[PDB]
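For any residue, its number in the entry's author numbering is found by taking its place in the sequence shown, counting from 1, and adding 153.
Even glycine gets a Cβ: it sits at the ideal position worked out from N, Cα and C.
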Amino acid sequence: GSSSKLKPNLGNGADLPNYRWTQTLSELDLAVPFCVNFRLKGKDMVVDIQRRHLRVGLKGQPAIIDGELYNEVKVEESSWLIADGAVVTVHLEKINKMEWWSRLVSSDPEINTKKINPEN
């Protein structure tokens, strides 16, 4: 069933405690900050973008994201990087490019999509 919902951010995505994302009809952009006492390198990260699954986290630690995506993405046109100041960013290209997602992964509360503003 459905559960309690969150108000969408100005980018039509969600602000969660550990990450935030925005979207258009065709893509989604995620930011995942890490607060660590070392320089964040690829070797420290396990990130796996699958057709309908996403995993993001530090090696040896509980993943920050590890869940079923709201809908399918084109892996070949999706990507991630470690941006300055230890912020991991992920870009997802949607397969159905005319659909508002209500959440990144199924374990997150949905945003209230009634409040989406297509113009942004």
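According to DSSP, simplified to helix, strand and coil, what is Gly195? For this step, residue 195 is matched to residue 42 along the sequence shown. It is helical.
In this structure, does DSSP put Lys158 in helix, strand or coil? Along the sequence shown, read from residue 1 onward, the residue named residue 158 stands at position 5. Three-state result, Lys158: coil.
Can you tell which of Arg256, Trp174, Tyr223 has its C-alpha closest to the C-alpha of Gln203? As a working mapping, residue 203 is identified with position 50 in the sequence shown. Closest option to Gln203, Cα to Cα, is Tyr223.
What are the start and end residues of the beta strand (DSSP E) that includes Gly210? The sequence position of residue 210 within the sequence shown is 57, counting from 1. Residues 206-211.
Do you know whose CA, among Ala167, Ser157, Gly154, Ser155, lies nearest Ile269's CA? Translated into positions along the sequence shown, residue 269 becomes position 116. The closest CA to that of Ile269, considering only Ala167, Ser157, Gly154, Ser155, is found on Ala167.
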